[PDB]
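**Student:** Here it is, the structure, as structure tokens.
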Amino acid sequence: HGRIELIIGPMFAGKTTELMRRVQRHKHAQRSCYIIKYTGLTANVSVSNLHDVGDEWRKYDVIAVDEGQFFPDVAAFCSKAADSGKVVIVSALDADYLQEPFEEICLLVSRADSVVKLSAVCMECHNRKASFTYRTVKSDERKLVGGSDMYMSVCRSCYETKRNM
Amino acid sequence: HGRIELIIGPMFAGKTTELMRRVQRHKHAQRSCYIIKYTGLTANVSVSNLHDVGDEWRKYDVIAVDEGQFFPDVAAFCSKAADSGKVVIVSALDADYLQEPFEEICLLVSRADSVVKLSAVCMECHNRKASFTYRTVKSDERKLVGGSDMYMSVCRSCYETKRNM
Amino acid sequence: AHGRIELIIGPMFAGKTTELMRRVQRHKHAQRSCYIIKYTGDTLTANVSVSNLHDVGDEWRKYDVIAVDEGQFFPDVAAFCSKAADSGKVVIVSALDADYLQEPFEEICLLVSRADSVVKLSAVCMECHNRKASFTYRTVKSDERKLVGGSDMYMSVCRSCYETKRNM
Amino acid sequence: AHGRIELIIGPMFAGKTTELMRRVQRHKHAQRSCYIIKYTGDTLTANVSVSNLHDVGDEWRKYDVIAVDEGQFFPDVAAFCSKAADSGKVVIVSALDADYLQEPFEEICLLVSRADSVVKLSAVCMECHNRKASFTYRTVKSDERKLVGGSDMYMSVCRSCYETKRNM
Ligand SMILES: CC1CN([C@H]2C[C@H](O)[C@@H](COP(=O)(O)O)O2)C(=O)NC1=O
Ligand SMILES: CC1CN([C@H]2C[C@H](O)[C@@H](COP(=O)(O)O)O2)C(=O)NC1=O
Ligand SMILES: CC1CN([C@H]2C[C@H](O)[C@@H](COP(=O)(O)O)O2)C(=O)NC1=O
Ligand SMILES: CC1CN([C@H]2C[C@H](O)[C@@H](COP(=O)(O)O)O2)C(=O)NC1=O
Ligand SMILES: [Mg+2]
Ligand SMILES: [Mg+2]
Ligand SMILES: [Zn+2]
Ligand SMILES: [Zn+2]
Ligand SMILES: [Zn+2]
Ligand SMILES: [Zn+2]
């Protein structure tokens, strides 16, 4: 019946586009899809906790979760949904800007049927595949919502190089 | 320097979405991308022959070709571009509605650095992964432009079942 | 029931046969019966060496999973695979997609269109040692399309090394 | 120069060690020097069996490519891999991501965040023989987290078989 599919990788890797590619496939076969997004045949919702969705998710064949790393209870939610027979698809960062794991996404790795880690292109050297997200502005807040203004995806050596200067 | 990446699979598998996912990645690293589409940092063109693009493609780092199976000279074009150092990305059907290969895309398989075959979800049984495109209207024209009105993506056994009734 | 065709392609030295046997082993842990077909001129589950698939007869019907190694040597491979997958077998094929001139094996091209799954593996360039390799370069002088051998006669190369070497 | 960490995860019987050796062999065809590290309690390129990575010393610096099998047994694996990849090695690790209770090996979770590449393989469900399997079920009674063994003590299962069996 149910499964969990997980899409990880650094920023700018196209994780959300891949999540939607998959949702679309299911829609062409007349499956009902429920898309959950974060905020500080089809359906959408922006929420800050998966609790706040209630039981609405049970009306759907496929549940998609975007920015899974911002939801504190995401692993338990996905397991509950997959145990009820849903196809659960999650896009998330695996690593924060210090290359430290989001603990909840780690738990999802252990529970997932499928895991794909996408890469980006290094925004520093423009020559290599990038697996890390470097924060270009000086906060020590773990969560800090932003775009290419505040983050770059970089290859391993550019991450190091920048970490010096 | 150059490569060729090929994305294949039946209709409704999200090949064009994957092609664009990849283009977008390159754009975030400030690479210039040139997108070619068929008709009967960025740039677009609809054309019916790759000849009609001329040498415009040389101004770009990345060349993307959508619906590669409609272009008669696509293999030679891609090889020329990759030999000049371009990253060439092609989305195409590998098989026609009779499960017979597009000969030019076969040639691209042999020349590609990378090949991915995406699947769809079976639009007949809604239960299995689909690798074939079944034409639901009665032409014997190989080329016949259309959507879900005239085609379904199906699994192997649904393809057979329908081929009877 | 649910037959399928899985195809593994790529140049020589890419590990295609290893990937094939990885997949077989998975099935074997679940007690699936697996039959492995190799090519006769080529130099423990149920195994046979044949020079065409017709010489296997109907023996393949006794198995859940049929694995075909060096598929490019068999002239009737597409039809065999389709017949087996229509009978409900999982059919797994390892094959070169391209010959040493980068021209396709036509029968494998047919298989691409019939496959549920296609993976193209790469090797590491054996000329420059720096890039992924997608082509096989023949290092001995023969114009015979078929010429069985190993790293004594072939090497896998990246796109620019293939060109460079072709000038010599 | 261009170091990286490649991680192969999935449950038991998924072929992770075979995939690791597939990758090593590719590198070896391009004459890269490859070093293979196995776990000591565990039951030909340069090979060593150790119970932690610190006991390899600096021997790993003599190779282009470092392969670590059963990474979940090594307590210092993330740091070792990062140090090696920062020195320019290609580091390839095979490991269970989850234990028999479906709880993560924390050190492997760290590696996911540090890896350039992560692949999670599946097995075939050894209970129902019909579905892909992502979990390892321990078939003997031990509450020790670490318990070395094979199909004598474990089987890989799909999500519903894991549940079903857990009731017994
Ligand atoms: C690396 C990051 C990213 N972020 C943010 C930046 C973006 O708003 C978001 C990433 O979007 P993504 O999952 O890649 O579509 O998470 C953090 O809050 N903390 C970190 O350490
Ligand atoms: C299976 C097909 C499809 N087509 C068409 C239908 C669509 O216009 C197009 C597929 O779009 P795609 O590459 O999957 O984005 O090709 C044919 O002309 N002949 C065939 O035999
Ligand atoms: C590239 C090749 C390889 N071969 C042979 C050499 C080997 O015997 C066999 C290996 O292919 P494999 O990668 O094992 O499936 O194919 C040819 O006969 N003609 C060619 O053009
Ligand atoms: C699931 C396991 C497996 N193991 C052991 C059993 C095997 O010796 C080893 C195999 O893992 P592999 O798939 O080879 O990397 O890991 C545990 O010690 N604890 C568990 O919870
Ligand atoms: Mg082989
Ligand atoms: Mg192993
Ligand atoms: Zn870089
Ligand atoms: Zn179907
Ligand atoms: Zn080379
Ligand atoms: Zn099962």
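We name chains A, B, ... following the order of the structure tokens; residues begin at 1 in each chain, and ligands are numbered from 1 as shown.
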Taking only C-alpha atoms into account, which residues of chain D are within 10 Å of chain C, as a ChimeraX atom specification?

**Tutor:** /D:12-19,21-32,122-132,151,155-157

**Student:** Restricted to N, CA and C atoms, what would the selected residues look like written as a CSV table (one decimal), in the first residue's frame?

**Tutor:**
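And here's part29.csv as it stands now:
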```csv
chain,number,residue,atom,x,y,z
D,12,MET,N,19.7,-4.7,4.6
D,12,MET,CA,20.5,-5.8,4.3
D,12,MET,C,20.0,-6.5,3.0
D,13,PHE,N,20.9,-7.2,2.3
D,13,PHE,CA,20.6,-8.0,1.1
D,13,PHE,C,20.3,-7.2,-0.1
D,14,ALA,N,20.6,-5.9,0.0
D,14,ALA,CA,20.3,-4.9,-1.1
D,14,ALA,C,21.5,-4.8,-2.1
D,15,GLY,N,22.6,-5.5,-1.8
D,15,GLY,CA,23.7,-5.4,-2.7
D,15,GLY,C,24.7,-4.3,-2.5
D,16,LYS,N,24.7,-3.7,-1.3
D,16,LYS,CA,25.5,-2.5,-1.1
D,16,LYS,C,27.0,-2.8,-1.3
D,17,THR,N,27.4,-3.9,-0.7
D,17,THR,CA,28.8,-4.2,-0.8
D,17,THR,C,29.2,-4.5,-2.3
D,18,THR,N,28.4,-5.2,-3.0
D,18,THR,CA,28.6,-5.4,-4.5
D,18,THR,C,28.7,-4.1,-5.2
D,19,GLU,N,27.8,-3.1,-4.9
D,19,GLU,CA,27.9,-1.8,-5.6
D,19,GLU,C,29.1,-1.1,-5.2
D,21,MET,N,32.0,-2.5,-4.6
D,21,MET,CA,33.1,-3.2,-5.3
D,21,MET,C,33.0,-3.0,-6.8
D,22,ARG,N,31.7,-2.9,-7.4
D,22,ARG,CA,31.6,-2.3,-8.7
D,22,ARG,C,32.2,-1.0,-8.9
D,23,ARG,N,32.1,-0.1,-8.0
D,23,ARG,CA,32.7,1.2,-8.1
D,23,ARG,C,34.2,1.2,-8.0
D,24,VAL,N,34.7,0.4,-7.0
D,24,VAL,CA,36.1,0.2,-6.9
D,24,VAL,C,36.7,-0.3,-8.3
D,25,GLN,N,36.1,-1.3,-8.8
D,25,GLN,CA,36.6,-1.9,-10.0
D,25,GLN,C,36.7,-1.0,-11.2
D,26,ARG,N,35.8,-0.1,-11.3
D,26,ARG,CA,35.8,1.0,-12.3
D,26,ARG,C,37.1,1.8,-12.2
D,27,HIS,N,37.4,2.2,-10.9
D,27,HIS,CA,38.5,3.0,-10.7
D,27,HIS,C,39.8,2.3,-11.0
D,28,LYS,N,39.8,1.0,-10.6
D,28,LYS,CA,41.0,0.2,-10.8
D,28,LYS,C,41.3,0.0,-12.3
D,29,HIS,N,40.2,-0.1,-13.2
D,29,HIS,CA,40.6,-0.1,-14.6
D,29,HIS,C,41.3,1.1,-15.1
D,30,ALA,N,41.1,2.3,-14.5
D,30,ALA,CA,41.8,3.5,-14.8
D,30,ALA,C,43.1,3.6,-14.0
D,31,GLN,N,43.5,2.5,-13.4
D,31,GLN,CA,44.8,2.5,-12.6
D,31,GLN,C,44.9,3.3,-11.4
D,32,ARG,N,43.7,3.6,-10.8
D,32,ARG,CA,43.7,4.3,-9.6
D,32,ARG,C,43.9,3.3,-8.5
D,122,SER,N,17.5,-1.0,-2.5
D,122,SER,CA,16.5,-1.8,-1.9
D,122,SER,C,16.8,-3.2,-2.1
D,123,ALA,N,16.2,-4.1,-1.4
D,123,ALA,CA,16.2,-5.5,-1.5
D,123,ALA,C,14.9,-5.9,-2.0
D,124,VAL,N,14.7,-7.2,-2.1
D,124,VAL,CA,13.4,-7.8,-2.3
D,124,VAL,C,12.8,-8.4,-1.1
D,125,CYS,N,11.6,-8.1,-0.8
D,125,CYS,CA,11.0,-8.6,0.5
D,125,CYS,C,11.1,-10.1,0.7
D,126,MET,N,11.8,-10.5,1.7
D,126,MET,CA,12.1,-11.9,1.9
D,126,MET,C,10.9,-12.6,2.7
D,127,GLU,N,9.9,-11.8,3.0
D,127,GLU,CA,8.7,-12.4,3.7
D,127,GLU,C,7.6,-12.7,2.6
D,128,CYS,N,7.2,-11.7,1.9
D,128,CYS,CA,6.1,-11.9,0.9
D,128,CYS,C,6.7,-12.2,-0.5
D,129,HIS,N,7.9,-11.9,-0.8
D,129,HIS,CA,8.5,-12.1,-2.2
D,129,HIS,C,7.8,-11.3,-3.3
D,130,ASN,N,7.1,-10.3,-3.0
D,130,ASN,CA,6.4,-9.5,-3.9
D,130,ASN,C,6.7,-8.0,-4.1
D,131,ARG,N,7.5,-7.5,-3.2
D,131,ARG,CA,7.6,-6.0,-3.1
D,131,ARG,C,9.0,-5.7,-2.8
D,132,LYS,N,9.4,-4.5,-3.1
D,132,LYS,CA,10.7,-4.0,-2.8
D,132,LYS,C,10.8,-3.8,-1.3
D,151,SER,N,21.8,-14.0,6.8
D,151,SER,CA,20.4,-14.4,6.7
D,151,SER,C,20.0,-15.5,7.7
D,155,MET,N,16.5,-10.7,7.9
D,155,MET,CA,15.9,-10.7,6.6
D,155,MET,C,15.4,-9.3,6.2
D,156,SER,N,15.3,-8.9,4.9
D,156,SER,CA,14.9,-7.6,4.5
D,156,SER,C,13.5,-7.7,4.1
D,157,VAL,N,12.7,-6.7,4.5
D,157,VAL,CA,11.2,-6.7,4.3
D,157,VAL,C,10.7,-5.4,3.8
```

**Student:** Give me the residues near residue 54 of chain A as a list in words, where near means some atom within 12 Å (using only C-alpha atoms) and where sequence neighbours in that chain fewer than 3 positions away do not count.

**Tutor:**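 Close residues of residue 54 of chain A: residues 36, 45, 47, 49, 50, 51, 57, 58, 59, 77 and 81 of chain A.
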
**Student:** Any chance you can output those residues with N, CA and C atoms as an mmCIF file, in the first residue's frame?

**Tutor:**
```
data_model
loop_
_atom_site.group_PDB
_atom_site.id
_atom_site.type_symbol
_atom_site.label_atom_id
_atom_site.label_comp_id
_atom_site.auth_asym_id
_atom_site.auth_seq_id
_atom_site.Cartn_x
_atom_site.Cartn_y
_atom_site.Cartn_z
ATOM 1 N N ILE A 36 1.412 20.128 0.721
ATOM 2 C CA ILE A 36 1.639 20.887 1.934
ATOM 3 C C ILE A 36 2.933 21.681 1.792
ATOM 4 N N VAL A 45 -1.950 23.782 0.684
ATOM 5 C CA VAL A 45 -2.104 24.314 2.020
ATOM 6 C C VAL A 45 -0.768 24.816 2.421
ATOM 7 N N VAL A 47 1.204 25.795 5.950
ATOM 8 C CA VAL A 47 1.009 25.476 7.333
ATOM 9 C C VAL A 47 2.362 25.616 8.009
ATOM 10 N N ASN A 49 2.916 23.771 11.067
ATOM 11 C CA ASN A 49 3.050 22.459 11.727
ATOM 12 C C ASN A 49 2.251 21.417 10.997
ATOM 13 N N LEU A 50 2.687 20.173 10.907
ATOM 14 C CA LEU A 50 1.859 19.185 10.223
ATOM 15 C C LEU A 50 0.596 18.848 11.031
ATOM 16 N N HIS A 51 0.623 19.110 12.346
ATOM 17 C CA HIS A 51 -0.582 19.015 13.222
ATOM 18 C C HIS A 51 -1.733 19.824 12.682
ATOM 19 N N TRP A 57 -5.610 15.289 5.057
ATOM 20 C CA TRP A 57 -4.753 14.404 4.247
ATOM 21 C C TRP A 57 -5.330 13.006 3.935
ATOM 22 N N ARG A 58 -6.234 12.520 4.753
ATOM 23 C CA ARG A 58 -6.787 11.187 4.489
ATOM 24 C C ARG A 58 -7.668 11.124 3.264
ATOM 25 N N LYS A 59 -8.146 12.266 2.762
ATOM 26 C CA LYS A 59 -9.005 12.230 1.583
ATOM 27 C C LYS A 59 -8.193 11.985 0.274
ATOM 28 N N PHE A 77 4.635 12.163 11.001
ATOM 29 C CA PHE A 77 3.556 12.415 10.047
ATOM 30 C C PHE A 77 3.647 11.516 8.823
ATOM 31 N N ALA A 81 1.103 8.550 7.602
ATOM 32 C CA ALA A 81 0.429 8.577 6.290
ATOM 33 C C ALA A 81 0.752 7.350 5.437
#
```

**Student:** So which residues touch residue 81 of chain C within 10 Å, counting only C-alpha atoms, skipping near sequence neighbours fewer than 2 positions away, as a ChimeraX atom specification?

**Tutor:** /C:3-6,53,66-68,76-79,83-87,89-93,111,114-115

**Student:** From chain A, collect each residue whose DSSP state is helix (DSSP H, G or I) and return the set as an NGL selection string.

**Tutor:** :A and (15-28 or 50-53 or 56-59 or 68-70 or 74-83 or 103-111 or 156-164)

**Student:** Could you save those same residues with N, CA and C atoms as a compact mmCIF listing (two decimals), in the first residue's frame?

**Tutor:**
```txt
# COMPACT_ATOMS: atom_id res chain seq x y z
N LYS A 15 14.95 20.44 -6.02
CA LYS A 15 14.18 19.47 -5.28
C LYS A 15 12.69 19.67 -5.39
N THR A 16 12.25 20.94 -5.29
CA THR A 16 10.79 21.22 -5.39
C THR A 16 10.23 20.92 -6.79
N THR A 17 10.96 21.29 -7.83
CA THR A 17 10.61 20.89 -9.19
C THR A 17 10.48 19.36 -9.33
N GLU A 18 11.40 18.60 -8.71
CA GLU A 18 11.30 17.13 -8.80
C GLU A 18 10.08 16.64 -8.06
N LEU A 19 9.84 17.18 -6.88
CA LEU A 19 8.61 16.82 -6.14
C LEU A 19 7.34 17.01 -6.98
N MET A 20 7.28 18.15 -7.65
CA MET A 20 6.11 18.44 -8.50
C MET A 20 6.07 17.57 -9.74
N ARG A 21 7.23 17.32 -10.35
CA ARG A 21 7.26 16.33 -11.45
C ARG A 21 6.58 15.06 -11.04
N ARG A 22 6.84 14.64 -9.83
CA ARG A 22 6.26 13.37 -9.39
C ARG A 22 4.82 13.48 -9.11
N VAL A 23 4.44 14.59 -8.48
CA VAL A 23 2.99 14.83 -8.26
C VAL A 23 2.21 14.81 -9.59
N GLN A 24 2.74 15.52 -10.57
CA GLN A 24 2.08 15.58 -11.86
C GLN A 24 1.84 14.21 -12.48
N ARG A 25 2.83 13.31 -12.34
CA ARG A 25 2.69 11.97 -12.87
C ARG A 25 1.52 11.29 -12.29
N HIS A 26 1.37 11.37 -10.98
CA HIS A 26 0.25 10.78 -10.30
C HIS A 26 -1.10 11.40 -10.71
N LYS A 27 -1.13 12.71 -10.83
CA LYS A 27 -2.33 13.39 -11.35
C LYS A 27 -2.76 12.86 -12.71
N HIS A 28 -1.84 12.62 -13.65
CA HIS A 28 -2.27 12.05 -14.95
C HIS A 28 -2.95 10.69 -14.83
N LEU A 50 2.69 20.17 10.91
CA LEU A 50 1.86 19.19 10.22
C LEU A 50 0.60 18.85 11.03
N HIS A 51 0.62 19.11 12.35
CA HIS A 51 -0.58 19.02 13.22
C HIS A 51 -1.73 19.82 12.68
N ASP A 52 -1.43 21.02 12.19
CA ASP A 52 -2.45 21.94 11.70
C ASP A 52 -3.15 21.49 10.43
N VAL A 53 -2.74 20.40 9.83
CA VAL A 53 -3.43 19.84 8.67
C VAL A 53 -4.63 18.99 9.12
N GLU A 56 -7.32 16.11 7.13
CA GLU A 56 -7.64 16.46 5.74
C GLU A 56 -6.86 15.57 4.71
N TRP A 57 -5.61 15.29 5.06
CA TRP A 57 -4.75 14.40 4.25
C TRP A 57 -5.33 13.01 3.94
N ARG A 58 -6.23 12.52 4.75
CA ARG A 58 -6.79 11.19 4.49
C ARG A 58 -7.67 11.12 3.26
N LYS A 59 -8.15 12.27 2.76
CA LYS A 59 -9.01 12.23 1.58
C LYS A 59 -8.19 11.98 0.27
N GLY A 68 10.60 20.08 3.97
CA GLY A 68 10.34 19.19 5.07
C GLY A 68 11.19 19.52 6.30
N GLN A 69 12.36 20.11 6.07
CA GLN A 69 13.24 20.43 7.19
C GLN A 69 12.66 21.52 8.15
N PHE A 70 11.66 22.29 7.73
CA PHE A 70 11.02 23.30 8.60
C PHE A 70 9.92 22.69 9.46
N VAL A 74 7.85 15.96 11.10
CA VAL A 74 7.65 15.43 9.75
C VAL A 74 7.81 13.93 9.63
N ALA A 75 8.73 13.35 10.40
CA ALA A 75 8.92 11.89 10.27
C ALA A 75 7.69 11.10 10.73
N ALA A 76 7.14 11.46 11.88
CA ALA A 76 6.00 10.76 12.44
C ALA A 76 4.81 10.93 11.52
N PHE A 77 4.63 12.16 11.00
CA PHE A 77 3.56 12.42 10.05
C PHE A 77 3.65 11.52 8.82
N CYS A 78 4.83 11.46 8.23
CA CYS A 78 4.99 10.67 7.00
C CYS A 78 4.77 9.21 7.25
N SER A 79 5.27 8.72 8.39
CA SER A 79 5.07 7.30 8.75
C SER A 79 3.60 6.99 8.95
N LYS A 80 2.89 7.89 9.62
CA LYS A 80 1.46 7.67 9.82
C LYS A 80 0.75 7.63 8.49
N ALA A 81 1.10 8.55 7.60
CA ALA A 81 0.43 8.58 6.29
C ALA A 81 0.75 7.35 5.44
N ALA A 82 2.03 6.96 5.41
CA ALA A 82 2.41 5.77 4.63
C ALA A 82 1.80 4.51 5.22
N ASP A 83 1.72 4.41 6.55
CA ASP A 83 1.02 3.26 7.17
C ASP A 83 -0.45 3.21 6.80
N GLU A 103 17.85 16.68 11.83
CA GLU A 103 17.64 15.41 12.54
C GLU A 103 16.38 14.70 12.16
N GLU A 104 15.38 15.48 11.86
CA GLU A 104 14.11 14.89 11.47
C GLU A 104 14.20 14.23 10.03
N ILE A 105 15.03 14.81 9.18
CA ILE A 105 15.18 14.35 7.77
C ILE A 105 16.03 13.03 7.75
N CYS A 106 17.00 12.97 8.62
CA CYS A 106 17.73 11.75 8.96
C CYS A 106 16.82 10.62 9.35
N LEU A 107 15.92 10.89 10.24
CA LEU A 107 14.91 9.91 10.57
C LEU A 107 14.09 9.51 9.37
N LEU A 108 13.81 10.47 8.48
CA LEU A 108 13.06 10.11 7.27
C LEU A 108 13.89 9.23 6.33
N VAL A 109 15.18 9.46 6.26
CA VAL A 109 16.05 8.60 5.46
C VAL A 109 15.90 7.11 5.85
N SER A 110 15.94 6.84 7.14
CA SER A 110 15.75 5.50 7.68
C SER A 110 14.38 4.90 7.44
N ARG A 111 13.38 5.73 7.22
CA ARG A 111 12.04 5.24 6.96
C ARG A 111 11.59 5.27 5.55
N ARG A 156 32.53 21.00 -2.71
CA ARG A 156 33.19 20.78 -1.45
C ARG A 156 34.36 21.76 -1.22
N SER A 157 35.20 21.94 -2.25
CA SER A 157 36.39 22.80 -2.05
C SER A 157 36.06 24.29 -2.00
N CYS A 158 35.10 24.73 -2.82
CA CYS A 158 34.63 26.11 -2.69
C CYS A 158 34.04 26.33 -1.28
N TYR A 159 33.29 25.38 -0.73
CA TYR A 159 32.79 25.54 0.64
C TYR A 159 33.92 25.85 1.62
N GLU A 160 35.01 25.11 1.50
CA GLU A 160 36.18 25.29 2.36
C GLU A 160 36.87 26.63 2.14
N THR A 161 37.17 26.90 0.89
CA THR A 161 37.79 28.16 0.48
C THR A 161 37.04 29.35 1.04
N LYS A 162 35.73 29.37 0.88
CA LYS A 162 34.97 30.49 1.35
C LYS A 162 34.97 30.56 2.85
N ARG A 163 34.93 29.41 3.49
CA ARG A 163 34.90 29.34 4.94
C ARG A 163 36.13 30.04 5.54
N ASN A 164 37.20 30.18 4.77
CA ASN A 164 38.39 30.93 5.23
C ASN A 164 38.23 32.43 5.12
```

**Student:** Report as a ChimeraX atom specification which protein, DNA and RNA residues come within 6 Å of ligand 2, using only C-alpha atoms and all ligand atoms.

**Tutor:** /B:10-11,67,92-93,96-97,133,142-146

**Student:** Keeping C-alpha atoms for every residue in the selection just given, could you write it to a file as an mmCIF file, in the first residue's frame?

**Tutor:**
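This is the output file selection.cif:
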```cif
data_model
loop_
_atom_site.group_PDB
_atom_site.id
_atom_site.type_symbol
_atom_site.label_atom_id
_atom_site.label_comp_id
_atom_site.auth_asym_id
_atom_site.auth_seq_id
_atom_site.Cartn_x
_atom_site.Cartn_y
_atom_site.Cartn_z
ATOM 1 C CA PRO B 10 6.933 7.451 -22.597
ATOM 2 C CA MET B 11 4.496 10.401 -22.681
ATOM 3 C CA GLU B 67 10.837 16.617 -28.331
ATOM 4 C CA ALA B 92 12.706 12.669 -26.347
ATOM 5 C CA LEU B 93 10.461 9.701 -26.775
ATOM 6 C CA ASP B 96 6.642 5.404 -30.818
ATOM 7 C CA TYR B 97 3.125 4.155 -30.187
ATOM 8 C CA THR B 133 2.657 5.203 -24.956
ATOM 9 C CA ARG B 142 3.754 7.883 -37.194
ATOM 10 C CA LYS B 143 3.805 11.577 -36.282
ATOM 11 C CA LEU B 144 0.556 12.838 -34.844
ATOM 12 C CA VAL B 145 0.741 15.747 -32.426
ATOM 13 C CA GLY B 146 -1.603 15.510 -29.429
#
```

**Student:** Taking only C-alpha atoms into account, which of B:9, B:2, B:14, B:40 comes nearest chain A?

**Tutor:** B:14

**Student:** Take atom CA of residue 154 of chain B and atom CA of residue 8 of chain B and report the distance between them in Å, one decimal.

**Tutor:** 15.2 Å

**Student:** For atom CA of residue 30 of chain A and atom CA of residue 118 of chain C, determine how far apart the two atoms are, in Å to one decimal place.

**Tutor:**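 We find that atom CA of residue 30 of chain A and atom CA of residue 118 of chain C lie 26.1 Å from each other.
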
**Student:** Give me, as a list in words, the set of residues whose atoms come within 7 Å of any atom of ligand 3, counting only C-alpha atoms and all ligand atoms.

**Tutor:** residues 11, 12, 13, 16, 17, 42, 69, 70, 71, 72, 94, 95, 96, 98, 99, 100, 101, 136, 137, 138, 145, 146, 147, 148, 149 and 150 of chain C

**Student:** Nearest residue to chain C out of B:7, B:35, B:89, B:152, using only C-alpha atoms?

**Tutor:** B:7

**Student:** Quick check: residues of chain B within 7 Å of chain C, only C-alpha atoms, returned as a ChimeraX atom specification.

**Tutor:** /B:94-95,99-101,106-107,110-111,113-117,131

**Student:** Just the residues within 9 Å of residue 52 of chain C, please, counting only C-alpha atoms, with nothing from its chain fewer than 2 positions along; format it as a ChimeraX atom specification.

**Tutor:** /C:39-40,49-50,54-56,73-77
